[PDB]
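Reading through the structure tokens given below for one structure.
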Amino acid sequence: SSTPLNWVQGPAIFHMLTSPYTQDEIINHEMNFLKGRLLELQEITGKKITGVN
Amino acid sequence: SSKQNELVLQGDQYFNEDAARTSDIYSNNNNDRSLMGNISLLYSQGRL
Amino acid sequence: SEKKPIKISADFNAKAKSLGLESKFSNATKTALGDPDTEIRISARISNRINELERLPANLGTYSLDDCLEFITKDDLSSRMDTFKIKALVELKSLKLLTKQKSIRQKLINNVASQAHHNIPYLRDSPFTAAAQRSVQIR
Amino acid sequence: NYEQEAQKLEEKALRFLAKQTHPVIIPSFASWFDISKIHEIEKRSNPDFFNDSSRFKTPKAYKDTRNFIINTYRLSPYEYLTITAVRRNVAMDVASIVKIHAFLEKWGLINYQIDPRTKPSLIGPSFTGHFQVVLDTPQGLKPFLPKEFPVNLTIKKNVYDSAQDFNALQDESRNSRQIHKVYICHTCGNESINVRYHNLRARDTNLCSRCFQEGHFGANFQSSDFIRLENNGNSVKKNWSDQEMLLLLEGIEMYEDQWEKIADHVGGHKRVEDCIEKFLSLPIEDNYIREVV
Amino acid sequence: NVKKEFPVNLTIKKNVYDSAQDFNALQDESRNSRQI
Amino acid sequence: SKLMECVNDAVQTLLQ
Amino acid sequence: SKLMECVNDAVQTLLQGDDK
Amino acid sequence: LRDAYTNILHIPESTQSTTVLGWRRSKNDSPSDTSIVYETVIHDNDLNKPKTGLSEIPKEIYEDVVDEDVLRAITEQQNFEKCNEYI
Amino acid sequence: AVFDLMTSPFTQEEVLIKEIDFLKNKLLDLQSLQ
Amino acid sequence: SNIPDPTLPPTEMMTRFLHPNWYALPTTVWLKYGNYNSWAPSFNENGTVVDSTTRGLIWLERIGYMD
Amino acid sequence: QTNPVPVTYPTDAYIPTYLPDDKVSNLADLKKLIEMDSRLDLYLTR
Amino acid sequence: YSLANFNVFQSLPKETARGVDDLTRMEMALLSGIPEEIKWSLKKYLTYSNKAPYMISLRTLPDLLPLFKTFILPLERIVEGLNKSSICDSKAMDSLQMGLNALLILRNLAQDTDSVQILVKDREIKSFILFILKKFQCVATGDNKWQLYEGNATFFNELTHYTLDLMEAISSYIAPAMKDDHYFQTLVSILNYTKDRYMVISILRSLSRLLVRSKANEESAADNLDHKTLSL
Ligand SMILES: [Zn+2]
């Protein structure tokens with residue numbers, strides 16, 4: 001292979017049980033998911049984040 | 001368009017606690033088996 | 001009969017009804033199992049049946065009338081002594097596991113409804129569902 | 001006359017027919033492919049065999065080579081089918097062999113590496129019917145005839161109950177009573193034969209017929225605490241007896257959500273999906289709902 | 001390119017109006033004073 | 001019944 | 001809602017003909 | 001003959017069949033009888049008449065020098081082969 | 001959450017860093033919305 | 001088992017069930033700029049399922065003629 | 001106020017431009033009146 | 001019990017146990033032509049463009065834009081044929097929806113620097129944007145040539161929005177706009193017509209970005225701004 005590739009376990013994609021098509025419930029559950037995933041990844045990596053609330 | 005809209009308007013009739021509480025829609029004798037056929041997958045995903 | 005059989009007016013509830021679409025503007029239909037009275041009545045009937053089943057004797061053998069060909073000699077065991085006992089037990093236990101069946105049924109129904117717009121073709125292919133699913137993914 | 005002709009023809013056709021043993025799995029996007037036809041995707045990805053440029057590159061040669069490769073792979077789908085073997089068997093220029101092999105490998109038509117013991121099985125819309133794949137009659141097997149003579153024979157048949165049976169290539173013939181189960185009396189070590197006396201209170205201890213006749217159980221149990229069940233009796237698919245339904249209900253009562261243990265408590269000869277379905281479609285409450293309304 | 005109903009186990013149930021016609025196994029030996 | 005009668009009468013008046 | 005089935009059949013018969 | 005490069009049997013291609021003439025589908029005897037009956041079938045429309053390459057000769061060769069009967073026979077043979085390529 | 005095995009000329013570390021950046025910006029935007 | 005008795009409430013299944021066919025799709029917004037601001041963008045239709053005039057016709061049929 | 005206060009009733013509507021100009025002869029007057037109303041609004045608000 | 005219980009089968013990698021990485025699956029599915037695979041892959045690509053656009057950037061994955069163009073140009077033909085009832089069949093509706101999904105994917109990707117840099121260097125996409133803008137101008141000025149059939153308005157609506165977003169992005173890369181520029185005229189017509197607010201703000205940004213490096217004495221696009229637009 002002229003371009004060496006790697007096996008990359010990709011990023012977690014947000015998946016809600018009931019998709020309500022409006023932005024209110026979506027934004028609530030999405031903020032929760034974002035904070036949770038940021039915490040998980042900060043635990044995985046040797047780094048820190050700013051603005052996590 | 002009329003055929004498609006009529007098909008769409010008949011997509012939620014067996015969701016009224018009458019079809020849900022009686023054993024009709026769960027029976028295999030239904031020619032269309034779009035409800036029970038999912039079981040296997042739903043079991044493999046653990047949600048069920 | 002002779003004249004126009006529709007006679008549309010400015011009500012939109014008689015107009016919609018005269019053309020077929022009457023319940024198609026209400027959220028959910030009307031059913032009978034939604035009142036607490038019928039629920040109390042059904043529960044009363046179920047409790048009565050369970051009472052009657054539990055007041056049965058344990059030693060509930062059955063003489064099957066086909067034991068003639070099985071020449072039982074007062075020491076052998078009839079191969080059909082437990083047929084009414086098995087049916088009584090099956091009915092009793094099935095009546096006692098009603099809520100479990102209800103829970104599993106509602107789990108199945110919810111998990112198959114939430115994916116209507118993704119698994120059912122004539123719902124997934126309408127321009128409105130496609131437009132909505134696109135509108136959600138607007139970056 | 002013609003009856004014996006068709007009979008010998010069926011005999012010969014069945015003798016020289018490739019019997020499938022392993023299942024073949026291809027990814028879903030490779031569903032346009034037919035072994036006997038050529039698709040537009042194949043003509044776009046291989047323009048040299050069809051643009052009439054050379055004489056060594058004809059559509060017949062391409063089709064013969066790719067059919068050789070496909071058959072060779074399908075006959076033993078566990079191996080890898082290296083390029084060198086094909087090149088030793090086929091008589092094309094190595095560049096064309098390599099291009100065809102790479103094209104067939106990209107679309108997963110050959111050398112599609114999975115581990116199929118980690119994925120569920122589903123049911124497509126097209127299902128539950130008789131499917132007759134009609135393939136041309138082989139030459140060199142037609143009769144020697146020194147009026148018409150049509151032929152619509154049927155060579156071999158296979159029946160399946162579920163889609164999982166279809167994928168695993170398991171026919172009802174051997175699947176029916178493949179293996180067995182052993183029960184042991186709770187009092188004497190001897191195994192119970194053809195019948196066991198299940199304890200309705202212990203729900204784990206079964207007794208011999210003799211140890212039940214003679215009252216060799218505990219002194220706190222009465223004879224009314226036991227029930228007679230069969231062992232070797234397996235019911236034909238989609239037929240639940242009363243004993244099996246009782247065992248299913250007992251299993252659900254004991255192991256509430258552990259459906260593997262439940263399906264094993266029934267006797268093991270029924271898959272978990274059948275247990276879940278049978279428990280779901282059960283008119284437990286219909287009579288009372290109907291009489292109140 | 002039918003409604004299968006839950007079994008009506010009639011042999012198990014008891015007579016509602018005149019319970020003096022049930023099988024002797026289902027009757028209650030308490031109306032003829034035979035309990036004790 | 002009468003519905004088919006009315007519909008066919010309307011169609012015939014339309015086509016004539 | 002039964003009238004509309006007859007109406008749809010009438011429209012289909014209209015589409016069948018040529019000089020209609 | 002078992003070949004060793006691929007570790008696979010080789011039988012004369014004549015004994016094997018060539019193509020697949022589509023499929024056939026039907027239904028079970030009773031509803032809810034969710035079973036699959038997979039089975040193979042061979043089809044031999046007019047096994048008496050052999051097939052030749054006559055479906056390949058262009059019209060611009062045999063035409064204009066032929067008897068009417070021979071032309072009808074040619075057309076019959078070509079149509080016969082083309083129809084035998086169907087189900 | 002769903003994880004999809006993929007392939008790219010990057011490494012796991014750079015991909016995780018890019019995910020951190022994108023998720024941080026997205027959370028900041030969602031917070032600024034309210 | 002932990003399974004309750006079948007006579008204990010609740011006993012209904014679809015008490016809080018919502019089919020996707022009623023999920024309140026997005027539509028126009030109908031902003032309001034003061035009283036004498038007529039040269040002003042009245043709508044905001046970015047991720048709508050149906051355009052402005054059709055939403056207005058729906059409102060007219062169902063609400064505007066309720067009286 | 002710094003935002004236009006989303007409301008529940010329709011606040012405006014387009015005027016259709018696909019009508020035949022020959023048959024409908026009072027669209028020009030309506031558009032002239034709309035322009036004059038806009039001008040009056042501008043003048044007052046300024 | 002099973003032939004998998006050989007020592008040879010104890011060393012299998014974890015990368016192939018599923019069969020194909022999802023990126024490859026989506027690419028091949030788009031390459032096939034089967035409609036079901038097309039729809040599945042387009043939904044997945046849209047989700048990725050919305051929630052992880054760095055994994056499918058048009059730079060790291062070349063030959064991604066050609067597929068979207070193949071899905072987008074028939075949309076141009078359809079939109080030209082959109083002035084009458086012409087979506088009678090289900091294949092037409094499917095092609096239209098595939099075009100709309102590909103267009104939304106393109107816009108979501110164009111929200112990034114590398115992707116929009118790759119998009120600008122493409123005559124087909126710019127010509128399509130110009131075509132849609134000229135159709136919008138024809139709707140806005142009320143021309144009798146092409147009159148939108150209201151039964152299709154919904155579709156057109158969505159279309160327009162996506163196009164404008166795209167324009168906004170590429171508006172930074174056509175910065176000095178000359179005198180007879182069609183983009184500027186289309187945008188000023190739409191600005192004088194529309195009553196949307198998102199649209200007005202997008203058009204204002206696009207116009208302010210098409211006047212970055214322009215001279216006052218030299219003849220530029222700023223001479224296409226009559227007193228009506230400035231007064232507005
Ligand atoms: Zn024993």
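By convention in this document, the chains of the structure tokens carry letters A, B, ... by their order, each chain's residues are numbered from 1, and ligands are numbered from 1 in the order they are shown.
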Item to check | Shell around residue 22 of chain A at 12 Å using only C-alpha atoms, local window under 2 positions removed, as a PyMOL selection string | outcome: (chain A and resi 18-20+24-29) or (chain C and resi 132-138) or (chain J and resi 23-27+47-49)
Checklist entry - Within 9 Å of ligand 1, counting only C-alpha atoms and all ligand atoms, which protein or nucleic acid residues do you find, written as a list in words? => result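 Using only C-alpha atoms and all ligand atoms, everything at most 9 Å from ligand 1 comes to residues 184, 185, 186, 187, 188, 189, 190, 191, 192, 206, 207, 208, 209, 210, 211, 212 and 216 of chain D.
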For the residues in the current selection, export N, CA, C and O atoms as a PDB file, in the first residue's frame.
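To be explicit, this is the file written out as again.pdb:
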```pdb
ATOM      1  N   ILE D 184     -31.622 -37.806  36.333  1.00  0.00           N
ATOM      2  CA  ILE D 184     -31.121 -38.689  37.380  1.00  0.00           C
ATOM      3  C   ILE D 184     -32.001 -38.542  38.611  1.00  0.00           C
ATOM      4  O   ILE D 184     -32.323 -37.423  39.019  1.00  0.00           O
ATOM      5  N   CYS D 185     -32.392 -39.671  39.199  1.00  0.00           N
ATOM      6  CA  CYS D 185     -33.217 -39.636  40.397  1.00  0.00           C
ATOM      7  C   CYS D 185     -32.477 -38.957  41.536  1.00  0.00           C
ATOM      8  O   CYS D 185     -31.280 -39.169  41.738  1.00  0.00           O
ATOM      9  N   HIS D 186     -33.198 -38.133  42.288  1.00  0.00           N
ATOM     10  CA  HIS D 186     -32.583 -37.389  43.376  1.00  0.00           C
ATOM     11  C   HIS D 186     -32.225 -38.266  44.565  1.00  0.00           C
ATOM     12  O   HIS D 186     -31.443 -37.830  45.415  1.00  0.00           O
ATOM     13  N   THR D 187     -32.764 -39.479  44.650  1.00  0.00           N
ATOM     14  CA  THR D 187     -32.540 -40.349  45.796  1.00  0.00           C
ATOM     15  C   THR D 187     -31.507 -41.432  45.516  1.00  0.00           C
ATOM     16  O   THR D 187     -30.533 -41.568  46.258  1.00  0.00           O
ATOM     17  N   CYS D 188     -31.707 -42.215  44.466  1.00  0.00           N
ATOM     18  CA  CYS D 188     -30.701 -43.155  44.005  1.00  0.00           C
ATOM     19  C   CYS D 188     -30.023 -42.596  42.761  1.00  0.00           C
ATOM     20  O   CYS D 188     -30.635 -41.882  41.968  1.00  0.00           O
ATOM     21  N   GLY D 189     -28.742 -42.921  42.602  1.00  0.00           N
ATOM     22  CA  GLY D 189     -27.992 -42.375  41.488  1.00  0.00           C
ATOM     23  C   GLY D 189     -28.473 -42.829  40.129  1.00  0.00           C
ATOM     24  O   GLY D 189     -28.105 -42.219  39.122  1.00  0.00           O
ATOM     25  N   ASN D 190     -29.280 -43.886  40.077  1.00  0.00           N
ATOM     26  CA  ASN D 190     -29.726 -44.429  38.803  1.00  0.00           C
ATOM     27  C   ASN D 190     -30.490 -43.379  38.010  1.00  0.00           C
ATOM     28  O   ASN D 190     -31.175 -42.521  38.570  1.00  0.00           O
ATOM     29  N   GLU D 191     -30.362 -43.449  36.690  1.00  0.00           N
ATOM     30  CA  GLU D 191     -31.034 -42.508  35.809  1.00  0.00           C
ATOM     31  C   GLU D 191     -32.443 -42.992  35.493  1.00  0.00           C
ATOM     32  O   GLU D 191     -32.676 -44.189  35.312  1.00  0.00           O
ATOM     33  N   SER D 192     -33.379 -42.050  35.438  1.00  0.00           N
ATOM     34  CA  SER D 192     -34.761 -42.366  35.112  1.00  0.00           C
ATOM     35  C   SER D 192     -34.917 -42.561  33.610  1.00  0.00           C
ATOM     36  O   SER D 192     -34.315 -41.840  32.811  1.00  0.00           O
ATOM     37  N   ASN D 206     -35.965 -34.550  40.440  1.00  0.00           N
ATOM     38  CA  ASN D 206     -36.831 -35.512  39.782  1.00  0.00           C
ATOM     39  C   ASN D 206     -36.565 -36.902  40.343  1.00  0.00           C
ATOM     40  O   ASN D 206     -35.488 -37.183  40.873  1.00  0.00           O
ATOM     41  N   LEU D 207     -37.561 -37.773  40.225  1.00  0.00           N
ATOM     42  CA  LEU D 207     -37.523 -39.087  40.846  1.00  0.00           C
ATOM     43  C   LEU D 207     -37.732 -40.178  39.809  1.00  0.00           C
ATOM     44  O   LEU D 207     -38.379 -39.967  38.783  1.00  0.00           O
ATOM     45  N   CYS D 208     -37.178 -41.355  40.095  1.00  0.00           N
ATOM     46  CA  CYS D 208     -37.466 -42.534  39.296  1.00  0.00           C
ATOM     47  C   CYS D 208     -38.939 -42.899  39.402  1.00  0.00           C
ATOM     48  O   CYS D 208     -39.660 -42.437  40.287  1.00  0.00           O
ATOM     49  N   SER D 209     -39.385 -43.754  38.486  1.00  0.00           N
ATOM     50  CA  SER D 209     -40.733 -44.288  38.605  1.00  0.00           C
ATOM     51  C   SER D 209     -40.850 -45.203  39.816  1.00  0.00           C
ATOM     52  O   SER D 209     -41.859 -45.175  40.527  1.00  0.00           O
ATOM     53  N   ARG D 210     -39.817 -46.001  40.081  1.00  0.00           N
ATOM     54  CA  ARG D 210     -39.881 -46.947  41.188  1.00  0.00           C
ATOM     55  C   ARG D 210     -39.780 -46.235  42.527  1.00  0.00           C
ATOM     56  O   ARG D 210     -40.557 -46.507  43.451  1.00  0.00           O
ATOM     57  N   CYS D 211     -38.818 -45.320  42.654  1.00  0.00           N
ATOM     58  CA  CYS D 211     -38.678 -44.550  43.881  1.00  0.00           C
ATOM     59  C   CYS D 211     -39.899 -43.684  44.147  1.00  0.00           C
ATOM     60  O   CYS D 211     -40.069 -43.205  45.272  1.00  0.00           O
ATOM     61  N   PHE D 212     -40.741 -43.461  43.140  1.00  0.00           N
ATOM     62  CA  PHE D 212     -42.014 -42.798  43.382  1.00  0.00           C
ATOM     63  C   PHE D 212     -43.097 -43.798  43.767  1.00  0.00           C
ATOM     64  O   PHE D 212     -43.943 -43.501  44.616  1.00  0.00           O
ATOM     65  N   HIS D 216     -40.040 -43.296  48.187  1.00  0.00           N
ATOM     66  CA  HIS D 216     -38.661 -43.110  48.617  1.00  0.00           C
ATOM     67  C   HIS D 216     -38.219 -41.657  48.565  1.00  0.00           C
ATOM     68  O   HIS D 216     -37.025 -41.386  48.399  1.00  0.00           O
TER      69      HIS D 216
END
```
Next on the checklist: Should the cut-off be 12 Å, what would the residue list for chain D against chain J look like, counting only C-alpha atoms, as a PyMOL selection string?
Outcome noted: chain D and resi 249-257+284-285
Limited to C-alpha atoms, could you put the picked residues into a file as a CSV table (one decimal), in the first residue's frame?
```csv
chain,number,residue,atom,x,y,z
D,249,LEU,CA,-44.1,-21.3,32.6
D,250,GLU,CA,-42.0,-22.9,35.5
D,251,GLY,CA,-38.8,-21.8,33.8
D,252,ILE,CA,-40.1,-18.2,33.4
D,253,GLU,CA,-41.1,-18.3,37.1
D,254,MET,CA,-37.7,-19.5,38.3
D,255,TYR,CA,-35.3,-17.7,35.9
D,256,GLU,CA,-37.1,-14.5,35.2
D,257,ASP,CA,-35.1,-13.0,32.3
D,284,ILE,CA,-54.2,-15.5,28.7
D,285,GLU,CA,-56.6,-12.6,29.2
```
Item to check | segment 57-62 of chain L environment, 7 Å, only C-alpha atoms, sequence neighbours closer than 6 positions dropped, as a PyMOL selection string | outcome: chain L and resi 109+114-115+118
Next on the checklist: Report, in Å with one decimal, the straight-line distance from atom CA of residue 174 of chain D to atom CA of residue 115 of chain D.
Outcome noted: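 A separation of 24.7 Å between them.
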Next on the checklist: Could you tell me how far atom CA of residue 262 of chain D sits from atom CA of residue 245 of chain D, in Å to one decimal place?
Outcome noted: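 For atom CA of residue 245 of chain D relative to atom CA of residue 262 of chain D, the distance reads 11.4 Å.
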Checklist entry - Near residue 14 of chain I, counting only C-alpha atoms, which residues have an atom at most 12 Å away, once you skip same-chain residues fewer than 2 positions from it, shown as a PyMOL selection string? => result (chain A and resi 6+8-11+45) or (chain I and resi 8-12+16-21) or (chain L and resi 54-55)
Can you spit out the residues from that selection as a PDB file, in the first residue's frame, using C-alpha atoms?
```
ATOM      1  CA  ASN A   6      -4.287   1.970  10.487  1.00  0.00           C
ATOM      2  CA  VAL A   8      -8.931   3.235  14.064  1.00  0.00           C
ATOM      3  CA  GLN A   9     -11.760   2.521  16.488  1.00  0.00           C
ATOM      4  CA  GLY A  10     -13.966   5.410  15.489  1.00  0.00           C
ATOM      5  CA  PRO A  11     -15.821   7.966  17.577  1.00  0.00           C
ATOM      6  CA  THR A  45      -6.441  10.332  27.533  1.00  0.00           C
TER       7      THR A  45
ATOM      8  CA  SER I   8      -7.586   6.137   8.028  1.00  0.00           C
ATOM      9  CA  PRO I   9      -3.995   7.381   7.627  1.00  0.00           C
ATOM     10  CA  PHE I  10      -4.268   8.858  11.142  1.00  0.00           C
ATOM     11  CA  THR I  11      -3.679   7.080  14.454  1.00  0.00           C
ATOM     12  CA  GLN I  12      -5.981   6.522  17.414  1.00  0.00           C
ATOM     13  CA  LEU I  16      -9.232  11.131  19.830  1.00  0.00           C
ATOM     14  CA  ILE I  17      -7.777  14.649  19.862  1.00  0.00           C
ATOM     15  CA  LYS I  18      -9.934  15.691  16.902  1.00  0.00           C
ATOM     16  CA  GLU I  19     -12.983  14.222  18.633  1.00  0.00           C
ATOM     17  CA  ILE I  20     -12.134  16.185  21.787  1.00  0.00           C
ATOM     18  CA  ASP I  21     -11.870  19.406  19.778  1.00  0.00           C
TER      19      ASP I  21
ATOM     20  CA  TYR L  54     -13.615  15.074  10.245  1.00  0.00           C
ATOM     21  CA  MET L  55     -13.855  11.363   9.417  1.00  0.00           C
TER      22      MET L  55
END
```
Next on the checklist: Only residues of chain D matter here; which ones have an atom within 12 Å of chain B, counting only C-alpha atoms? Give them as JSON, numbers by chain.
Outcome noted: {"D": [118, 119, 120, 121, 122, 123, 124, 125, 126, 127, 128, 162, 163, 164, 238, 257, 258, 259, 260, 271, 272, 273, 274, 275, 276, 277, 278, 279, 280, 281, 282, 283, 284, 285, 286, 287, 288, 289, 290, 293]}
Restricted to C-alpha atoms, what would the selected residues look like written as a tab-separated table (two decimals), in the first residue's frame?
```tsv
chain	number	residue	atom	x	y	z
D	118	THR	CA	-20.93	-13.26	16.16
D	119	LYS	CA	-23.99	-11.96	14.27
D	120	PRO	CA	-27.74	-12.55	14.50
D	121	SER	CA	-30.00	-13.90	11.78
D	122	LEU	CA	-33.06	-12.10	10.42
D	123	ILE	CA	-35.89	-12.76	7.97
D	124	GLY	CA	-36.27	-10.85	4.73
D	125	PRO	CA	-39.62	-9.87	3.25
D	126	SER	CA	-39.40	-12.63	0.63
D	127	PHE	CA	-39.88	-15.75	2.74
D	128	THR	CA	-42.16	-18.67	3.61
D	162	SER	CA	-36.55	-20.75	10.33
D	163	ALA	CA	-34.06	-18.56	8.53
D	164	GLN	CA	-31.37	-19.57	11.02
D	238	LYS	CA	-44.67	-25.40	16.01
D	257	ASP	CA	-35.09	-13.05	32.32
D	258	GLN	CA	-32.44	-15.72	31.63
D	259	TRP	CA	-33.98	-17.07	28.45
D	260	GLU	CA	-31.19	-19.54	27.71
D	271	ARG	CA	-34.71	-22.46	20.26
D	272	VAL	CA	-35.06	-19.33	22.39
D	273	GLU	CA	-37.00	-17.41	19.75
D	274	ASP	CA	-39.73	-20.04	19.77
D	275	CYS	CA	-40.00	-19.78	23.56
D	276	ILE	CA	-40.30	-15.99	23.45
D	277	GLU	CA	-42.89	-16.15	20.66
D	278	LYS	CA	-44.94	-18.83	22.41
D	279	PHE	CA	-44.97	-16.80	25.61
D	280	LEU	CA	-45.96	-13.62	23.77
D	281	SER	CA	-48.81	-15.05	21.67
D	282	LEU	CA	-50.77	-16.52	24.54
D	283	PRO	CA	-54.49	-15.74	24.94
D	284	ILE	CA	-54.19	-15.50	28.71
D	285	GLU	CA	-56.57	-12.56	29.17
D	286	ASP	CA	-58.71	-12.61	26.03
D	287	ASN	CA	-61.80	-14.30	27.48
D	288	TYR	CA	-62.30	-11.79	30.29
D	289	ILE	CA	-61.60	-8.75	28.10
D	290	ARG	CA	-64.10	-10.13	25.60
D	293	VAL	CA	-66.67	-5.62	26.56
```
